[PDB]
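Before any comments, here is the structure.
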Amino acid sequence: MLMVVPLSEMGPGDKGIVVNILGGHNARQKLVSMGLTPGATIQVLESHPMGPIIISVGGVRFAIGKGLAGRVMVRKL
Amino acid sequence: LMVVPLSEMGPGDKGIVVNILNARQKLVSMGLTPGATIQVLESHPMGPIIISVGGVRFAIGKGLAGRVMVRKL
Amino acid sequence: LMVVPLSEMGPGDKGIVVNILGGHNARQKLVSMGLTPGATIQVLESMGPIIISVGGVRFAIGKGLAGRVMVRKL
Amino acid sequence: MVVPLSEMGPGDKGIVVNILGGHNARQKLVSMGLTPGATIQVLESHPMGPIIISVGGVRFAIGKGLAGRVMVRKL
Amino acid sequence: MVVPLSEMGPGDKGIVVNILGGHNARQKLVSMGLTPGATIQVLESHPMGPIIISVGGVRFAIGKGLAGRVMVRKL
Amino acid sequence: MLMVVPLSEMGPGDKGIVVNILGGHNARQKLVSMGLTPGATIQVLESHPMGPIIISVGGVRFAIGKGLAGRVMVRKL
Amino acid sequence: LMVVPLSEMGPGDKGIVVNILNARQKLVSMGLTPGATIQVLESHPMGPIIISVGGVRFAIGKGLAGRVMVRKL
Amino acid sequence: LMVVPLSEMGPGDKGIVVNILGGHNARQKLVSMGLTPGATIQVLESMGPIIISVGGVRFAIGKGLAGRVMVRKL
């Protein structure tokens with residue numbers, strides 16, 4: 001079982017590779033500015049019920065909302 | 001209620017500023033301080049985000065907006 | 001436990017903005033210092049203006065304009 | 001007669017007597033000549049800003065928030 | 001077949017494999033999607049720059065110097 | 001004897017108040033951006049033959065060339 | 001020869017970059033690194049300063065230029 | 001004690017740019033990495049590009065383009 005899950009479902013300590021961004025144009029532009037494009041590696045640093053999620057991409061930290069994070073499909077490493 | 005960065009909110013969305021993650025004065029002077037009520041009027045994905053705080057309209061860059069954590073109503 | 005105008009608050013007093021008096025021009029002037037309903041404000045000092053801190057940022061405000069800010073003291 | 005620069009109107013003149021804020025604020029303000037002892041005249045000011053000022057004969061636009069960091073003795 | 005992004009021509013595609021520089025450089029570059037594993041296509045590039053690139057379908061203009069910090073495996 | 005001298009002639013440790021900027025328009029605009037306008041206080045922090053001079057104005061440090069510094073007339077404190 | 005900040009040099013002036021007093025990459029990529037020869041073509045008091053380094057023309061902001069120490073020839 | 005193209009320099013080598021070969025386009029390409037006559041350059045490492053440091057800033061340069069930079073080794 002390969003684990004392919006939305007970034008919104010990943011928890012502190014998880015790492016993975018982005019495989020797909022859901023939602024075309026506006027979504028891609030909102031996400032690419034946090035380095036979230038296919039092939040980038042993400043580590044989840046912190047998360048709560050209610051968001052936000054704190055991630056690290058290429059050594060840079062970002063906060064992302066659970067909603068937008070649902071559009072990022074990640075294969076866990 | 002979800003907490004999201006201001007840059008991710010849509011037009012029409014309202015929220016309460018929770019916290020800011022140097023541009024501090026700049027942010028405070030657009031009303032963006034913990035407890036304030038904001039409404040997003042326009043987001044470009046893109047940027048700037050156009051918001052209203054306390055009935056006053058401001059345009060904020062997407063980079064800066066990404067550091068404002070907002071409790072979405 | 002009172003709501004008072006910011007103009008009446010003393011050094012060290014902390015409170016929550018609950019009401020801005022006096023129209024769009026007043027609101028436009030005050031939001032430059034973070035003063036909108038819900039914001040937390042501390043008076044640091046009061047012949048001169050009041051020195052306040054909002055969101056960790058220090059500003060000077062005249063007693064005239066500060067009289068338009070209703071604040072619930074904490 | 002000490003006022004925040006942000007509340008000075010068109011035509012008002014004064015001397016800067018105090019700057020609030022850290023190094024960051026002082027650096028921004030000194031780029032517009034705003035340091036203790038400098039003379040400032042407000043040229044145009046509306047609710048929303050920017051304020052148009054003149055310092056040492058040079059014109060600058062200052063935002064209303066940043067102007068709220070500057071205390072001036074009115075002349 | 002590893003090249004600096006700054007030397008890639010119009011039409012060249014590749015995968016970012018390394019970013020040079022400190023936190024500052026990484027932050028600027030991640031704002032344009034440039035992180036290890038990302039796919040980049042150069043759209044226009046002249047001596048002087050900026051280079052026009054596309055990452056994840058989004059277009060960006062990158063300066064020639066900053067592009068010299070990005071190593072890409074050409075495809 | 002009141003000491004009124006160009007900033008170019010002042011040495012590390014000197015403090016004074018700017019009294020006059022020589023040269024009208026272009027000079028004033030170049031200098032006001034370092035806080036050098038009449039009434040500002042300057043401290044000289046470092047100087048050499050050949051420049052530059054390092055000053056502090058309102059707690060902010062600037063380097064100025066000896067040539068431009070010749071246009072700043074200062075009353076020593 | 002005098003050492004002056006680049007922002008203070010006039011059109012026609014040439015110099016050698018001595019040293020820089022974060023924008024480091026930005027500066028290096030306009031050729032502004034110790035030992036380079038620069039010519040000032042235009043200064044606005046004002047800004048930007050227009051320079052030539054190694055035969056290539058750049059415009060640099062007055063703030064940034066004020067941190068480049070140049071040995072004036 | 002030689003002048004060599006940057007393309008021939010090894011890890012740790014330091015030198016002074018003395019000549020750029022190949023016209024305005026070459027010069028325009030190289031100045032983006034600080035490479036103009038007089039600049040000091042260090043080679044950090046050489047299937048891939050050369051990694052250099054100029055003015056404390058790290059860049060990658062292809063051996064093709066690096067062949068146009070004449071450098072007096074220190």
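The chains in the structure tokens are called A, B, ... from first to last as shown; in each chain the residues are counted from 1, and the ligands are counted from 1 in the order shown.
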
Can you tell me, as JSON, numbers by chain, what residues are no more than 8 Å from segment 18-21 of chain F when counting only C-alpha atoms, ignoring any on the same chain fewer than 6 positions away?
{"F": [27, 28, 36, 37, 38, 39, 40, 41, 42, 71, 72, 73, 74, 75]}

Please give chain G as a short mmCIF file (atom, residue, chain, number, x, y, z; two decimals) with N, CA and C atoms, in the first residue's frame, after it has been superposed on chain B by least squares over all Cα atoms paired in order.
data_model
loop_
_atom_site.label_atom_id
_atom_site.label_comp_id
_atom_site.auth_asym_id
_atom_site.auth_seq_id
_atom_site.Cartn_x
_atom_site.Cartn_y
_atom_site.Cartn_z
N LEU G 1 -14.37 26.30 13.99
CA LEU G 1 -13.87 27.33 13.03
C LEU G 1 -12.39 27.09 12.72
N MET G 2 -12.03 27.13 11.45
CA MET G 2 -10.66 26.89 10.97
C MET G 2 -9.77 28.16 11.10
N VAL G 3 -8.50 27.98 11.35
CA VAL G 3 -7.54 29.08 11.33
C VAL G 3 -6.76 28.95 10.01
N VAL G 4 -6.81 29.99 9.20
CA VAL G 4 -6.11 30.07 7.91
C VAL G 4 -5.30 31.35 7.77
N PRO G 5 -4.21 31.29 6.98
CA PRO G 5 -3.50 32.51 6.67
C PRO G 5 -4.42 33.41 5.82
N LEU G 6 -4.29 34.73 5.99
CA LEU G 6 -5.19 35.67 5.34
C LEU G 6 -5.13 35.51 3.83
N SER G 7 -3.95 35.18 3.31
CA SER G 7 -3.72 35.01 1.86
C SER G 7 -4.58 33.93 1.21
N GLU G 8 -5.10 33.02 2.02
CA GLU G 8 -5.88 31.89 1.55
C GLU G 8 -7.38 32.08 1.61
N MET G 9 -7.83 33.20 2.14
CA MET G 9 -9.25 33.43 2.31
C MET G 9 -9.86 33.98 1.04
N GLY G 10 -11.16 33.71 0.81
CA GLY G 10 -11.83 34.12 -0.42
C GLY G 10 -12.61 35.40 -0.25
N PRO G 11 -13.07 36.00 -1.37
CA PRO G 11 -13.90 37.18 -1.25
C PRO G 11 -15.18 36.83 -0.53
N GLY G 12 -15.59 37.73 0.36
CA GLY G 12 -16.73 37.51 1.19
C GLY G 12 -16.40 36.89 2.52
N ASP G 13 -15.27 36.20 2.65
CA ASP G 13 -14.93 35.54 3.92
C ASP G 13 -14.68 36.60 4.99
N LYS G 14 -15.17 36.33 6.21
CA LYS G 14 -14.85 37.13 7.38
C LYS G 14 -14.05 36.29 8.35
N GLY G 15 -13.22 36.97 9.15
CA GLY G 15 -12.52 36.30 10.22
C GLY G 15 -12.04 37.21 11.32
N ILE G 16 -11.47 36.60 12.35
CA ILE G 16 -10.84 37.33 13.45
C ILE G 16 -9.33 37.09 13.37
N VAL G 17 -8.53 38.13 13.48
CA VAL G 17 -7.08 38.00 13.48
C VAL G 17 -6.67 37.28 14.75
N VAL G 18 -5.90 36.21 14.60
CA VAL G 18 -5.43 35.41 15.76
C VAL G 18 -4.03 35.85 16.18
N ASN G 19 -3.11 35.78 15.24
CA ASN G 19 -1.76 36.22 15.46
C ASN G 19 -1.00 36.36 14.15
N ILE G 20 0.19 36.97 14.27
CA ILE G 20 1.08 37.25 13.15
C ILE G 20 2.33 36.39 13.31
N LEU G 21 2.65 35.59 12.29
CA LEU G 21 3.73 34.60 12.34
C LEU G 21 5.07 35.15 11.88
N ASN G 22 8.83 43.29 12.45
CA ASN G 22 9.46 44.10 11.38
C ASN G 22 8.50 44.72 10.35
N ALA G 23 7.64 43.90 9.74
CA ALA G 23 6.44 44.44 9.10
C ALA G 23 5.31 44.63 10.12
N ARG G 24 5.63 44.50 11.40
CA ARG G 24 4.65 44.58 12.45
C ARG G 24 3.86 45.89 12.42
N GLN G 25 4.58 47.02 12.32
CA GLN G 25 3.90 48.31 12.30
C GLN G 25 3.01 48.43 11.09
N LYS G 26 3.54 48.05 9.92
CA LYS G 26 2.78 48.04 8.69
C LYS G 26 1.49 47.29 8.86
N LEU G 27 1.55 46.12 9.48
CA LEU G 27 0.35 45.29 9.69
C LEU G 27 -0.65 45.94 10.68
N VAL G 28 -0.12 46.46 11.80
CA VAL G 28 -0.97 47.07 12.82
C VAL G 28 -1.73 48.27 12.19
N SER G 29 -1.08 49.01 11.28
CA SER G 29 -1.64 50.20 10.69
C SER G 29 -2.65 49.90 9.58
N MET G 30 -2.82 48.63 9.21
CA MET G 30 -3.99 48.21 8.41
C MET G 30 -5.00 47.51 9.30
N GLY G 31 -4.86 47.66 10.62
CA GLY G 31 -5.82 47.13 11.58
C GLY G 31 -5.59 45.68 11.96
N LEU G 32 -4.49 45.10 11.47
CA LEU G 32 -4.26 43.66 11.58
C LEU G 32 -3.52 43.42 12.88
N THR G 33 -4.31 43.28 13.92
CA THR G 33 -3.80 43.02 15.24
C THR G 33 -4.77 42.01 15.88
N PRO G 34 -4.26 41.15 16.77
CA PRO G 34 -5.12 40.10 17.30
C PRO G 34 -6.44 40.61 17.88
N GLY G 35 -7.55 39.98 17.48
CA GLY G 35 -8.90 40.38 17.90
C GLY G 35 -9.66 41.19 16.87
N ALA G 36 -8.98 41.82 15.93
CA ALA G 36 -9.73 42.61 14.94
C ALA G 36 -10.56 41.68 14.01
N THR G 37 -11.66 42.22 13.53
CA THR G 37 -12.55 41.51 12.57
C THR G 37 -12.18 41.99 11.19
N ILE G 38 -11.95 41.05 10.28
CA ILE G 38 -11.62 41.44 8.91
C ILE G 38 -12.62 40.79 7.95
N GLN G 39 -12.85 41.44 6.82
CA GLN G 39 -13.55 40.83 5.71
C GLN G 39 -12.68 40.89 4.46
N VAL G 40 -12.62 39.79 3.72
CA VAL G 40 -11.86 39.81 2.49
C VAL G 40 -12.87 40.21 1.37
N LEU G 41 -12.47 41.18 0.58
CA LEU G 41 -13.33 41.70 -0.50
C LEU G 41 -12.88 41.15 -1.84
N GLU G 42 -11.59 40.90 -1.97
CA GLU G 42 -10.99 40.50 -3.24
C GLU G 42 -9.64 39.82 -2.96
N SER G 43 -9.41 38.67 -3.59
CA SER G 43 -8.10 38.01 -3.61
C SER G 43 -8.08 37.47 -5.02
N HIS G 44 -7.42 38.13 -5.93
CA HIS G 44 -6.22 37.67 -6.55
C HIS G 44 -5.13 36.67 -6.03
N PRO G 45 -4.93 35.54 -6.77
CA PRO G 45 -3.98 34.47 -6.36
C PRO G 45 -2.44 34.53 -6.50
N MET G 46 -1.78 35.39 -7.30
CA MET G 46 -1.88 36.83 -7.34
C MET G 46 -1.49 37.78 -6.22
N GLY G 47 -2.44 38.16 -5.36
CA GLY G 47 -2.27 39.36 -4.53
C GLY G 47 -2.43 40.59 -5.41
N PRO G 48 -2.61 41.78 -4.81
CA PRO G 48 -2.80 42.00 -3.38
C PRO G 48 -4.15 41.48 -2.93
N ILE G 49 -4.29 41.19 -1.65
CA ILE G 49 -5.59 40.90 -1.09
C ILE G 49 -6.22 42.26 -0.72
N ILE G 50 -7.49 42.48 -1.08
CA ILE G 50 -8.23 43.67 -0.64
C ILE G 50 -9.11 43.25 0.53
N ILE G 51 -8.92 43.91 1.68
CA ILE G 51 -9.67 43.63 2.90
C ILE G 51 -10.35 44.87 3.42
N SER G 52 -11.28 44.65 4.33
CA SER G 52 -11.88 45.71 5.09
C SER G 52 -11.70 45.37 6.57
N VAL G 53 -11.19 46.33 7.35
CA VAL G 53 -11.04 46.17 8.81
C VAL G 53 -11.64 47.40 9.48
N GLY G 54 -12.62 47.20 10.35
CA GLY G 54 -13.26 48.33 11.03
C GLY G 54 -13.88 49.33 10.08
N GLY G 55 -14.33 48.82 8.94
CA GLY G 55 -14.91 49.64 7.88
C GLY G 55 -13.93 50.36 6.98
N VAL G 56 -12.65 50.08 7.09
CA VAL G 56 -11.67 50.74 6.26
C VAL G 56 -10.98 49.70 5.34
N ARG G 57 -10.83 50.09 4.07
CA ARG G 57 -10.34 49.21 3.02
C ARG G 57 -8.84 49.35 2.91
N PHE G 58 -8.13 48.21 2.81
CA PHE G 58 -6.68 48.12 2.57
C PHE G 58 -6.33 47.06 1.53
N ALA G 59 -5.22 47.27 0.83
CA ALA G 59 -4.68 46.24 -0.05
C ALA G 59 -3.44 45.72 0.59
N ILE G 60 -3.32 44.41 0.72
CA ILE G 60 -2.16 43.78 1.33
C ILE G 60 -1.53 42.72 0.38
N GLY G 61 -0.19 42.75 0.29
CA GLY G 61 0.54 41.80 -0.51
C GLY G 61 0.36 40.37 -0.02
N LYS G 62 0.43 39.43 -0.97
CA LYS G 62 0.16 38.02 -0.64
C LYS G 62 1.22 37.46 0.32
N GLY G 63 2.45 37.92 0.18
CA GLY G 63 3.53 37.45 1.06
C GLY G 63 3.30 37.82 2.50
N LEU G 64 3.11 39.11 2.74
CA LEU G 64 2.73 39.63 4.04
C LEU G 64 1.41 39.00 4.59
N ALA G 65 0.37 38.93 3.75
CA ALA G 65 -0.90 38.31 4.12
C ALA G 65 -0.74 36.86 4.58
N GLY G 66 0.27 36.16 4.05
CA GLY G 66 0.51 34.77 4.42
C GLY G 66 1.01 34.57 5.83
N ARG G 67 1.42 35.67 6.46
CA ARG G 67 1.80 35.63 7.85
C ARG G 67 0.71 36.03 8.85
N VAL G 68 -0.46 36.40 8.37
CA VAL G 68 -1.54 36.81 9.26
C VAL G 68 -2.46 35.60 9.44
N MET G 69 -2.55 35.06 10.65
CA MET G 69 -3.40 33.90 10.89
C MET G 69 -4.76 34.45 11.30
N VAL G 70 -5.80 33.95 10.63
CA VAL G 70 -7.15 34.40 10.78
C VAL G 70 -8.07 33.22 11.09
N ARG G 71 -8.90 33.39 12.12
CA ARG G 71 -9.95 32.46 12.46
C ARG G 71 -11.16 32.73 11.58
N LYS G 72 -11.44 31.81 10.65
CA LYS G 72 -12.44 32.01 9.63
C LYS G 72 -13.80 31.72 10.23
N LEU G 73 -14.74 32.63 10.03
CA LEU G 73 -16.07 32.53 10.63
C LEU G 73 -17.02 31.66 9.77
#

For chain D versus chain B, which residues have an atom no more than 8 Å away, and what is each residue's nearest atom pair and distance in Å rounded to one decimal, using only C-alpha atoms, chain-then-number order, as CSV?
residue,atom,partner,partner_atom,distance
D:24,CA,B:22,CA,7.1
D:64,CA,B:29,CA,7.9
D:65,CA,B:29,CA,5.3
D:66,CA,B:25,CA,7.6

Residue 35 of chain E environment, 12 Å, only C-alpha atoms, sequence neighbours closer than 4 positions dropped, as a PyMOL selection string:
(chain A and resi 17-18+32-42+56-60) or (chain E and resi 15-20+25-31+39-40+55-56+69-72)

Compile the residues of chain C that lie within 12 Å of chain D, evaluated using only C-alpha atoms, and express the compilation as a PyMOL selection string.
chain C and resi 23-35+44+46-54+56-66

Among chain E, which residues does DSSP mark as strand (DSSP E) when it is run on the backbone? Keep the chain and numbering as in the structure and answer as JSON, numbers by chain.
{"E": [2, 3, 4, 13, 14, 15, 16, 17, 18, 19, 39, 40, 41, 42, 43, 44, 51, 52, 53, 54, 55, 58, 59, 60, 61, 62, 70, 71, 72, 73, 74]}

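Using only C-alpha atoms, the contacts of residue 61 of chain D at a cut-off of 9 Å, with sequence neighbours closer than 3 positions omitted, comprise residues 32, 49, 50, 51, 52, 53 and 54 of chain D.
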
Fit result for chain A on chain F over all paired C-alpha atoms, given as a short mmCIF file (atom, residue, chain, number, x, y, z; two decimals) with N, CA and C atoms, in the first residue's frame:
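Listing of selection26.cif after writing:
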data_model
loop_
_atom_site.label_atom_id
_atom_site.label_comp_id
_atom_site.auth_asym_id
_atom_site.auth_seq_id
_atom_site.Cartn_x
_atom_site.Cartn_y
_atom_site.Cartn_z
N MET A 1 34.68 81.46 21.74
CA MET A 1 34.71 80.93 20.36
C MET A 1 33.75 79.76 20.20
N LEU A 2 32.67 80.01 19.49
CA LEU A 2 31.76 78.96 19.12
C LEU A 2 32.45 78.23 17.97
N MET A 3 32.51 76.89 18.02
CA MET A 3 33.13 76.11 16.95
C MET A 3 32.07 75.70 15.96
N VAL A 4 32.15 76.27 14.76
CA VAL A 4 31.26 75.97 13.68
C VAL A 4 32.12 75.49 12.53
N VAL A 5 31.97 74.22 12.22
CA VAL A 5 32.90 73.58 11.27
C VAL A 5 32.16 72.64 10.36
N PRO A 6 32.70 72.37 9.16
CA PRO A 6 32.13 71.34 8.31
C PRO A 6 32.25 69.96 8.92
N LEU A 7 31.28 69.11 8.64
CA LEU A 7 31.30 67.79 9.20
C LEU A 7 32.59 67.09 8.78
N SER A 8 33.08 67.38 7.58
CA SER A 8 34.37 66.84 7.06
C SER A 8 35.58 67.10 7.95
N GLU A 9 35.50 68.10 8.83
CA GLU A 9 36.58 68.45 9.72
C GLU A 9 36.44 67.90 11.12
N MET A 10 35.39 67.12 11.38
CA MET A 10 35.15 66.64 12.72
C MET A 10 35.71 65.24 12.88
N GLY A 11 36.04 64.88 14.09
CA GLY A 11 36.75 63.62 14.30
C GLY A 11 35.97 62.73 15.22
N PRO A 12 36.34 61.44 15.25
CA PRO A 12 35.68 60.47 16.10
C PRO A 12 35.46 61.02 17.51
N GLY A 13 34.28 60.76 18.04
CA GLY A 13 33.89 61.32 19.30
C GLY A 13 33.21 62.68 19.26
N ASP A 14 33.44 63.52 18.25
CA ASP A 14 32.77 64.84 18.19
C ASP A 14 31.26 64.66 18.05
N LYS A 15 30.52 65.56 18.69
CA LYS A 15 29.08 65.68 18.50
C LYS A 15 28.74 67.12 18.19
N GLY A 16 27.71 67.31 17.41
CA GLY A 16 27.24 68.64 17.12
C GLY A 16 25.83 68.68 16.52
N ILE A 17 25.40 69.88 16.22
CA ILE A 17 24.07 70.14 15.67
C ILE A 17 24.27 70.76 14.31
N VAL A 18 23.61 70.22 13.30
CA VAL A 18 23.70 70.79 11.97
C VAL A 18 23.08 72.19 11.95
N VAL A 19 23.79 73.14 11.34
CA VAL A 19 23.34 74.52 11.32
C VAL A 19 22.98 74.94 9.92
N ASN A 20 23.61 74.36 8.91
CA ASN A 20 23.44 74.79 7.53
C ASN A 20 23.89 73.71 6.58
N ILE A 21 23.19 73.56 5.47
CA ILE A 21 23.60 72.70 4.40
C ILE A 21 24.00 73.62 3.25
N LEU A 22 25.23 73.50 2.74
CA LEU A 22 25.71 74.34 1.62
C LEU A 22 25.33 73.68 0.30
N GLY A 23 24.78 74.46 -0.64
CA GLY A 23 24.61 74.02 -2.03
C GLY A 23 23.22 73.79 -2.59
N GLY A 24 22.20 74.32 -1.94
CA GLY A 24 20.85 74.13 -2.43
C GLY A 24 20.46 72.69 -2.79
N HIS A 25 19.75 72.55 -3.91
CA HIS A 25 18.78 71.48 -4.17
C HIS A 25 19.24 70.05 -4.11
N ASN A 26 20.19 69.70 -4.97
CA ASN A 26 20.71 68.34 -5.08
C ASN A 26 21.40 67.91 -3.78
N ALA A 27 22.13 68.85 -3.18
CA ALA A 27 22.84 68.65 -1.91
C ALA A 27 21.88 68.30 -0.77
N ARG A 28 20.88 69.16 -0.58
CA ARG A 28 19.84 68.93 0.43
C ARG A 28 19.17 67.54 0.28
N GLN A 29 18.83 67.14 -0.94
CA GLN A 29 18.19 65.83 -1.12
C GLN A 29 19.14 64.67 -0.83
N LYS A 30 20.40 64.81 -1.19
CA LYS A 30 21.38 63.78 -0.88
C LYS A 30 21.61 63.65 0.64
N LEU A 31 21.61 64.79 1.32
CA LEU A 31 21.89 64.82 2.76
C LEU A 31 20.69 64.50 3.70
N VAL A 32 19.47 64.88 3.29
CA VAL A 32 18.32 64.74 4.18
C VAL A 32 18.05 63.25 4.40
N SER A 33 18.41 62.42 3.43
CA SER A 33 18.24 60.97 3.54
C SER A 33 19.18 60.31 4.56
N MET A 34 20.15 61.06 5.07
CA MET A 34 21.01 60.59 6.18
C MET A 34 20.67 61.35 7.45
N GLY A 35 19.51 62.00 7.43
CA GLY A 35 19.03 62.80 8.56
C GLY A 35 19.74 64.14 8.71
N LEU A 36 20.58 64.52 7.73
CA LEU A 36 21.38 65.75 7.82
C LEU A 36 20.62 66.96 7.26
N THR A 37 19.91 67.60 8.18
CA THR A 37 19.11 68.79 7.99
C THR A 37 19.36 69.69 9.24
N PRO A 38 19.17 71.02 9.11
CA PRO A 38 19.37 71.85 10.27
C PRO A 38 18.59 71.44 11.50
N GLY A 39 19.33 71.29 12.59
CA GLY A 39 18.82 70.96 13.90
C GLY A 39 19.05 69.53 14.32
N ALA A 40 19.32 68.64 13.38
CA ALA A 40 19.70 67.27 13.72
C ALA A 40 21.04 67.24 14.43
N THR A 41 21.21 66.26 15.34
CA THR A 41 22.45 66.03 16.08
C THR A 41 23.18 64.86 15.44
N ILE A 42 24.47 65.05 15.29
CA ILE A 42 25.32 64.08 14.67
C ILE A 42 26.45 63.73 15.64
N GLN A 43 26.79 62.45 15.70
CA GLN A 43 28.03 62.00 16.29
C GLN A 43 28.90 61.34 15.27
N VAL A 44 30.17 61.73 15.29
CA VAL A 44 31.15 61.17 14.42
C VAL A 44 31.73 59.95 15.14
N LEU A 45 31.67 58.80 14.46
CA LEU A 45 32.10 57.52 15.03
C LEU A 45 33.48 57.09 14.53
N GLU A 46 33.77 57.34 13.26
CA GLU A 46 35.05 56.94 12.66
C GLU A 46 35.35 57.86 11.51
N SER A 47 36.64 58.07 11.27
CA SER A 47 37.11 58.84 10.14
C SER A 47 38.53 58.46 9.78
N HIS A 48 38.86 58.67 8.50
CA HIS A 48 40.20 58.45 7.94
C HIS A 48 40.59 59.58 7.00
N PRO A 49 41.92 59.75 6.71
CA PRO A 49 42.43 60.65 5.64
C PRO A 49 41.30 60.78 4.66
N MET A 50 40.81 59.69 4.07
CA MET A 50 40.68 59.51 2.61
C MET A 50 39.14 59.25 2.60
N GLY A 51 38.52 59.42 3.77
CA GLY A 51 37.18 58.93 4.05
C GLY A 51 37.09 57.41 4.05
N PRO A 52 35.88 56.87 4.24
CA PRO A 52 34.67 57.66 4.51
C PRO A 52 34.61 58.10 5.98
N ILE A 53 33.62 58.93 6.30
CA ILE A 53 33.31 59.21 7.70
C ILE A 53 32.09 58.39 8.10
N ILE A 54 32.14 57.78 9.26
CA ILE A 54 30.99 57.07 9.78
C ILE A 54 30.36 57.92 10.86
N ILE A 55 29.08 58.23 10.69
CA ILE A 55 28.32 59.02 11.65
C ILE A 55 27.12 58.26 12.18
N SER A 56 26.58 58.78 13.28
CA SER A 56 25.33 58.34 13.83
C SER A 56 24.39 59.56 13.95
N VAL A 57 23.19 59.41 13.39
CA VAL A 57 22.11 60.44 13.41
C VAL A 57 20.83 59.76 13.88
N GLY A 58 20.31 60.21 15.02
CA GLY A 58 19.09 59.65 15.59
C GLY A 58 19.21 58.18 15.86
N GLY A 59 20.42 57.76 16.26
CA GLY A 59 20.72 56.37 16.47
C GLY A 59 20.93 55.51 15.23
N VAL A 60 21.00 56.10 14.04
CA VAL A 60 21.20 55.35 12.82
C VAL A 60 22.58 55.68 12.24
N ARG A 61 23.31 54.64 11.83
CA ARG A 61 24.66 54.81 11.30
C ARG A 61 24.70 54.99 9.78
N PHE A 62 25.48 55.97 9.33
CA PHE A 62 25.68 56.23 7.93
C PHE A 62 27.16 56.43 7.63
N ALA A 63 27.56 56.09 6.41
CA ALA A 63 28.88 56.47 5.88
C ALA A 63 28.66 57.63 4.94
N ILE A 64 29.50 58.64 5.06
CA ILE A 64 29.44 59.77 4.17
C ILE A 64 30.82 60.07 3.64
N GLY A 65 30.90 60.56 2.41
CA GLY A 65 32.17 60.92 1.83
C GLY A 65 32.60 62.26 2.35
N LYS A 66 33.91 62.48 2.41
CA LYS A 66 34.45 63.76 2.85
C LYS A 66 33.94 64.92 2.03
N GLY A 67 33.85 64.74 0.72
CA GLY A 67 33.30 65.81 -0.15
C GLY A 67 31.90 66.26 0.22
N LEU A 68 30.96 65.31 0.33
CA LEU A 68 29.59 65.67 0.67
C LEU A 68 29.51 66.21 2.11
N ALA A 69 30.31 65.64 3.00
CA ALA A 69 30.43 66.06 4.38
C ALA A 69 30.94 67.53 4.55
N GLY A 70 31.70 68.03 3.59
CA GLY A 70 32.06 69.43 3.52
C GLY A 70 30.91 70.41 3.37
N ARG A 71 29.78 69.93 2.89
CA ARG A 71 28.59 70.72 2.78
C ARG A 71 27.75 70.80 4.04
N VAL A 72 28.08 70.01 5.07
CA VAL A 72 27.32 70.01 6.29
C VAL A 72 28.02 70.90 7.34
N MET A 73 27.46 72.06 7.70
CA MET A 73 28.09 72.91 8.73
C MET A 73 27.49 72.58 10.07
N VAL A 74 28.33 72.35 11.05
CA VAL A 74 27.89 71.81 12.30
C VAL A 74 28.39 72.74 13.40
N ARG A 75 27.55 73.02 14.38
CA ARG A 75 28.04 73.62 15.62
C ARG A 75 28.35 72.53 16.63
N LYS A 76 29.60 72.47 17.09
CA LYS A 76 30.04 71.46 18.05
C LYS A 76 29.39 71.69 19.38
N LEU A 77 29.13 70.59 20.07
CA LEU A 77 28.50 70.66 21.38
C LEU A 77 29.51 70.55 22.51
#
